[PDB]
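Just so we're on the same page: letters track the sequence lines, and every chain starts at 1. No hydrogens, no waters, no symmetry mates; every other heavy atom, side chains included, goes into these values.
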Amino acid sequence: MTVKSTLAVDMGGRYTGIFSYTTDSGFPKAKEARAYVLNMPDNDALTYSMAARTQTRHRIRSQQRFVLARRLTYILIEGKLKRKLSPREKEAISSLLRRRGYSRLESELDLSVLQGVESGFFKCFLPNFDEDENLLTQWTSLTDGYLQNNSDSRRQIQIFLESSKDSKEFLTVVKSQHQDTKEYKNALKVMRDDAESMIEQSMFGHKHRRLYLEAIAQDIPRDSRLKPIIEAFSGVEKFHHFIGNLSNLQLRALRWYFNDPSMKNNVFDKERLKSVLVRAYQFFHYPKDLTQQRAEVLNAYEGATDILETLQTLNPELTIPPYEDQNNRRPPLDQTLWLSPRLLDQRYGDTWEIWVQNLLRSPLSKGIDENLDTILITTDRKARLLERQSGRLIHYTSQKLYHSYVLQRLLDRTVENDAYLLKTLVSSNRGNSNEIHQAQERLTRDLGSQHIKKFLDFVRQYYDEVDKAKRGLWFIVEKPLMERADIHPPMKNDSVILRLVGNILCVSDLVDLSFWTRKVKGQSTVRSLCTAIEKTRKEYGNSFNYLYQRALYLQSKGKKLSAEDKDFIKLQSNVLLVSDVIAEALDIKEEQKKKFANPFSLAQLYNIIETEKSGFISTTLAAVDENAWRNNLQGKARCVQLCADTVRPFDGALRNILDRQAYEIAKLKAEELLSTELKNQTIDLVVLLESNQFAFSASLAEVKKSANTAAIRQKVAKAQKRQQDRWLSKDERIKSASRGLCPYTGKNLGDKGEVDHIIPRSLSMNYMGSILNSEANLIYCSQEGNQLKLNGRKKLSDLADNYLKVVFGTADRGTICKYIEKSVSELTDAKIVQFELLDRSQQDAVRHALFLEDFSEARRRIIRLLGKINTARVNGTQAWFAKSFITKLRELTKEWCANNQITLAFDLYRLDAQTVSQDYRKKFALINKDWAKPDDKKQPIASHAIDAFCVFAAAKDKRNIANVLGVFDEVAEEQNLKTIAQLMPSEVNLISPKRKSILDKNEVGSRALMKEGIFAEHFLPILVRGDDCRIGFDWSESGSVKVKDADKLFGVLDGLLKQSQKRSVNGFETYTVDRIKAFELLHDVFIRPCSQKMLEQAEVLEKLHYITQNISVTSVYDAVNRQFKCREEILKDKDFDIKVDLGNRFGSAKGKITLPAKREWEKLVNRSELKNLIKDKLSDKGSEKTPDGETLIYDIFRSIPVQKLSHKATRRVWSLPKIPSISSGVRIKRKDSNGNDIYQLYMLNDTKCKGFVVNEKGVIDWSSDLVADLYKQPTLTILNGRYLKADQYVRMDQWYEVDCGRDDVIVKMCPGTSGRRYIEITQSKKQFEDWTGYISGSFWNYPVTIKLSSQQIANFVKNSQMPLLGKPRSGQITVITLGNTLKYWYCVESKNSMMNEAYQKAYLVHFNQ
RNA sequence: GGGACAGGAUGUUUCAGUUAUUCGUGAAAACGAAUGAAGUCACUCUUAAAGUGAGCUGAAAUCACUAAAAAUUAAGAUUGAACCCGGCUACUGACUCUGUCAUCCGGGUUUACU
């Protein structure tokens, strides 16, 4: 009836192992369980980050900015001239508008390395700096001043660069005044490089808008094409001001002006332009120093009478836009969860208000509304915001909000303050104690007994929802009584931070932050110490508290400090000093120091004061005030803080990866559930189990590539090594617990011993939350002792006398019992639970206390403490993945839940990867030895399914996890065997996601259609002397190919050839292909069924057609190897030979023409500057290793030009044409500024063909290219493309099972690609090992991608004895299923006839029916 | 961490021009300026014009449908983002701080809407 389903997930990052099942009974059967692994392709195969997409968007936006600025400038100039602009005038105006220069030019290098250094250290090299300001602002201002041509900055940059050359003095001065070389090293290797980048930016062409305006102040009188325009503008200065004001416009202003379908005619509107110019410069946030410049521009534009005269009059330097500030671009949403009066009204109508009123009339409910007069005035939720925006309050009136706030305060009262023992009176585990009866008598009297049951049910639901919220899984409530705030909080505001600090420093009202600059132990300052504390916490992550407590405890015990614990105790001293200094600055007293006298509070102070100057606070001020009241620093502890939802991940790319992983896993689970017959009634419960590690971060640093692989690997290696040192081989058990003696036999035990639980695994089912795979419940024992252990209650009578004497020094059971009781009673719960914080004597005392009587105080206390060790809340990444998976699984099965009525019930539990891997995986590894974790420097794919299975196996935490692995009478190795030998399937289904095929996307524009880079498309000239005619460039043998029967050639190309205008005196005739007509005909033959004449013309045009592209002359030198390339590598015939293959039908011209640009490449390599550097042959190269040959190659070409014009552009790349590789060319027809048709050739980025044509009788045409419908546009022309009528076709992904001719092998085939078929083989694992030479340690070690080497490919094709299988493309095989039956698919290396015949036979079989 | 805005500069391709000229000058020591910029090198053909290729200079175009603007180089099962319009009844931000503007809120999103 109660059908149970489970889905265990090992979130390994790239590889996500899933073990899932769905059973009517409590324990799953063998067939029900399935194992999956997600392959999760990297960013290249599936895009998660948007960096390239936005780079493309902003490139197009810059192009459109220039186009619209030119459009508006032409409109205005033609309006003032009352006549159309000539093409020369248009060219001159465009020349003026080109190369605006920058206005911000922030940076191009990552300066985050130096962001953690205080500004006071650089005053030796930068006297202009001050210690009262952060280094970020000062360095940014200095760089901007150098960019904005600030004379002082320009001078001090050179002063620094000259002074810092002698770095020996810089290294000598350091350490004299308690400086740090590690932090002061940042003055080199990043900031010096940034300064040099600023030096070199000037000669690249970057000039800034002010220098651009200065340059275009000149070159306006010098350009003779602008004379009529200058005359009509009545002055060079007026026209310059007009041009500069127009150029200063951003894209958005031009868009606003042209955002009108009536602007298609390019009409000049005075008022529209004025309003658009006013709308700009009002969009901007002007700095305080740039005030009264915003005022000037806005007075000019708003007060403009003619706007055009205002453009000609206003100084363009004033109209340069300020820096962009998208701080309010998407404010964070408050995550605070509020008891909703609206939902309370929909659920209980009015009765909850009477509940609140009845509870209020009680002396126990005095003081619960202390600050509700000043809290309710601030909107806290999205629903209240919507109601107030409507102006009418029906569910969020002040009275309703008051009632909800006091209701939640009563429900959230602490146990010291709860007068009705809520969350205990409502729990099922409540006893019949006198205190429970007194609490229930206090209730039913204040509230009244007429509606006790409904209020109690509401309390039950509220506490269940709050428990879900605390765990991080508020989303699975699916019927909430609370609501998320979902509204933006205020920013720092310089005054909200004062309130936050006062809350942190336990001050009711803080007025100033002078304590942040108070001196500590000399010239150290509170700010620097808090910065160092936060830096240490950030470096150590979530592990900081553990080693901090360990170091302080070991220092208290007087142990020998380590190199790290020394730093930690120095940090402790820093915390003490900073707390004392803060207290004396704020004169605070009465035990308020110790509240913030921890590294966490000082790091929080640093974050609030320093980090995120323009950031947002966590929650709304209403939530902050309510939480402050429920903290009550002036009081003890009244009420518990408000629940808050888990914020979405900040990474976005990680968010997309989690979204796709959740969708794939939800689709797997939906397939599993829909495969079942389950019918009327039969509620379904799904339980989620998750595991996580630092390997998740390490692998996601490669899935998106993170752009920081080295740094992230270095950071995560430290954490992983620390975790390994935390778990080790579980030291302090063999060496400290047993002390060389078996606990139960006393025999000498070496490294052959084993570790097993003290408490029987059966007893940890009826009480206490875990089997306690901890350092106390397990002891290093011997095999004979473990056999004598059995599964009953164990006591000190079974402990060896010699072992007891070694551990304690006394063999008396009563004496040892009383000593254990005394030792356990002397240690607090914090030291008891955290085993590292105990020395070996107390560790033995705590461990041995489990052998005592059931009534023993020490044993009972230890069991009580360790039964509720932690809540195991989910990580934010885990919470987001869980939310996405649950939402998508609900969506997928929504139809399957409407019909058949199954209602989905979701539960979720996080399981530590530590316990799973270190305890549960080891048992199965011993059982089967294929479950052992490899150490091959990588974690093999299929073993993530093993990890997920162990995560399910780690669900022995019973009485808590409700997947109905209950009863649990059979324990110890019996349960392990029942798990492994019956549950874990042999098959591992590898799921490899991929981006949607462009043939399936309806929004083909969301995919990169064409590759960036345009190719020159050329036609061979035709030379005619008389009866002699040649195809080529010149009459030389290598420059042209002789044509036999040229009359046929000229008859075919009668309408496509044009002749040279300047006629020579018998100096032959040159016939060149008309580019426009040729391109039009090549488009016509591609887009329409053309006549045979047009097809012949297109064939001849394509035979005369060739493609070149300019490649930089730098390519003559190998930068990677710092070696110049030889003439054989440079002048290879592949890059310069044009093949002419006209058949008898088109005259007769067979031969190869060398590209005449080869002479220009020969001139490049044979010139004096490079004659010796270029070697004549590949074998001549040696160890010359020219380090910077690119520099001299540049200096060949960077000749200083004549300064004719100040606005001339710079030259940086010099290139010569070479014949490139062609792959699915596309020719795009566009229009220039004059409206003429221009054709530019691109390379297709995605697939070109959508399938193969199928005739009326099912025969597949394997030779014709069936171009996709998205390329068949009136402006698109597929290179060498022809029209093809295909009313019926077979898609590239129509897999069919072909006639393999065998029984042991199942082969499926699909067309796959236009040239190579896809073959999927279902085969036994042993047979695959026999065919190929591949070897591995069972299929659990098999990789998802198998890279067969050439010998293995030959072995495959040979031992296969199967011509239709072919060979894998470059020996690459993608595995679909792992196990004894191995399923995999591959792309064939080469096309084969019988492969096409087999697919054709399968398609015919499917097509006849 | 990411996301977005603003772009800057150089490339590639298309088209066009250019292989000059006039002055200082009459030495024509080979340079300096002007002609808006460019204006110098090869193969072929020489009739001694030119053809071809490159360079240089200028502009234009640089995903398509597709255009006034936007969306368009992500994903798609779902979405996210972007942009525009209306509003300051109100979450947020900047101001000149009841008064506008917005990256905010609501809506729309393809030739839509104002």
Side-chain angles (χ1 to χ4, degrees), chain A residues 47-50 52-54 56-58 61-63 65 91-92 94-95 99-105 204-206 222-226 250-251 255 258-264 282-283 285 295 321 324 326-331 379 382 385 388-391 487-491 650-653 656 659 663 667 888 891-892 995-996 1001 1003-1010 1013-1016 1021 1023 1033-1036 1039 1060 1062 1064-1068 1070 1109-1110 1156-1157 1159-1160 1163 1204-1205 1208 1210 1212-1213 1216-1217 1228 1230 1232-1234 1236 1238-1242 1245 1270-1271 1273 1275-1276:
Chain A
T47 290
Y48 314 110
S49 72
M50 307 301 245
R53 187 184 182 259
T54 70
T56 296
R57 186 168 66 240
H58 286 303
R61 277 193 180 165
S62 301
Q63 293 170 13
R65 201 283 313 164
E91 265 200 35
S94 300
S95 200
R99 291 171 303 285
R100 289 198 306 185
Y102 56 86
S103 52
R104 161 67 100 73
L105 206 75
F204 269 164
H206 306 265
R222 300 202 280 211
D223 197 338
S224 68
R225 302 173 292 175
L226 292 168
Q250 286 192 343
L251 169 62
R255 160 200 308 147
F258 292 117
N259 183 28
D260 194 318
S262 69
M263 287 294 141
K264 192 183 314 262
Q282 273 181 358
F283 193 89
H285 163 65
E324 301 287 280
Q326 300 298 311
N327 291 316
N328 202 52
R329 161 64 76 175
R330 256 153 308 141
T379 302
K382 188 58 154 56
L385 171 64
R388 274 172 55 99
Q389 287 173 349
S390 306
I487 54 158
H488 307 307
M491 287 195 0
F650 182 79
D651 188 288
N656 286 337
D659 158 70
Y663 174 55
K667 199 205 297 165
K888 293 172 202 295
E891 150 199 317
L892 283 160
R995 64 169 47 101
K996 195 171 184 180
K1001 295 176 75 83
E1003 303 180 358
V1004 294
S1006 55
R1007 181 71 60 75
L1009 300 178
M1010 292 96 201
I1014 322 179
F1015 297 79
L1023 316 179
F1033 308 101
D1034 55 56
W1035 287 92
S1036 68
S1060 58
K1062 306 197 83 180
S1064 179
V1065 183
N1066 305 327
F1068 68 91
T1070 304
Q1109 192 177 38
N1110 271 48
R1159 305 211 292 301
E1160 274 70 272
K1163 195 185 306 175
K1204 285 288 200 69
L1205 294 176
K1208 195 182 183 291
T1210 76
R1212 214 208 296 170
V1213 177
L1216 287 171
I1228 310 191
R1230 302 194 183 101
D1232 39 342
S1233 62
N1234 303 308
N1236 311 305
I1238 68 163
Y1239 298 84
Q1240 290 177 299
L1241 176 74
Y1242 296 82
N1245 188 70
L1270 71 119
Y1271 306 116
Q1273 309 293 347
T1275 56
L1276 290 185

Indicate yes or no: at least one non-hydrogen side-chain atom of A/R104 is less than 4.5 angstrom from one of A/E324.
-> no
Just compare B/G7, B/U10, B/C63 and give me whichever is closest to any side-chain atom of A/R99.
-> B/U10
Output the single nucleotide from B/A54, B/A42, B/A64 whose closest atom is nearest the side chain of A/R1230.
-> B/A64
For the side chain of A/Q1109, counting heavy atoms from C-beta on, which of B/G36, B/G76, B/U13 is nearest?
-> B/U13
Heavy atoms under 4.0 Å is the rule here; annotate nucleotides 103-109 of chain B 5' to 3' with B where the base is hit, S where only the sugar-phosphate is, and - elsewhere.
-> BSSS---
Can you find a donor-acceptor N/O pair under 3.5 angstrom joining the side chain of A/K996 to the base of B/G76?
-> no
From OH of A/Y1242 across to P of B/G11 the rounded distance in Å is 17 Å
A/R65 side chain near B/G8 phosphate (N/O to OP1/OP2, under 4.0 Å) = yes
Can A/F258 be said to stack with the base of B/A68, given centres closer than 5.5 angstrom and planes under 30 degrees apart?
-> no
Using side-chain hydrogen bond (donor to acceptor under 3.5 Å, both in side chains) as the criterion, list what pairs up with A/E891, not counting sequence neighbours.
-> none
To the nearest angstrom, how far is A/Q63 atom CD from B/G7 atom P?
-> 13 Å
Kindly check the sign of the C1'-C2'-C3'-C4' torsion at B/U100 and name the resulting pucker, north or south.
-> north
For the pair made of CG in A/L1276 and P in B/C65, what is the distance, rounded to whole Å?
-> 7 Å
Does the sign of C1'-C2'-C3'-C4' make the B/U40 sugar north or south?
-> south
If you measure from the P atom in B/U19 to the same atom in B/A37, how many Å do you get, rounded?
-> 15 Å
B/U57 and B/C43, which share atom name P, separated by this distance in whole Å | 24 Å
Gap between atoms CG and P, on A/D651 and B/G3 respectively (whole Å) = 7 Å
Output a table of nitrogen or oxygen pairs between the protein and nucleotides 15-21 of chain B separated by less than 3.5 Å.
| residue | atom | partner | partner atom | Å |
| --- | --- | --- | --- | --- |
| B/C15 | OP1 | A/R1075 | NH1 | 3.4 |

Using a cut-off of less than 4.0 Å, is there contact between a side-chain N or O of A/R104 and OP1 or OP2 of B/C5?
-> no
Atom pairs under 3.5 Å: protein N/O with N/O of nucleotides 111-114 of chain B:
| residue | atom | partner | partner atom | Å |
| --- | --- | --- | --- | --- |
| B/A112 | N6 | A/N259 | OD1 | 3.4 |

With A/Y1271 via ring-ring contact (aromatic ring centres under 6.0 Å, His included) - residues at least two apart = none
Output the single nucleotide from B/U72, B/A75, B/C91 whose closest atom is nearest the side chain of A/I487.
-> B/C91
Could you tell me whether A/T1070 contacts a base, only the sugar-phosphate backbone, or nothing, with contacts defined as non-hydrogen atoms closer than 4.0 Å?
-> sugar-phosphate
When you compare B/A38 with B/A16, how far apart are their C1' atoms, in angstrom units rounded to a whole number?
-> 12 Å
When you get a sec, tell me which of B/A9, B/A38, B/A64 is the closest nucleotide to the side chain of A/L1009?
-> B/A64
Assign A/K667 to base, sugar-phosphate, or nothing according to its heavy-atom contacts below 4.0 angstrom with the strands shown.
-> nothing
Writing each nucleotide of RNA chain B 5' to 3' as (, ), [, ], | or . by Watson-Crick or G-U pairing under 3.5 Å yields ..........((((((((..(.((......)).).....(((((.....)))))))))))))...........(....)..((((((....((.(...).)).)))))).....
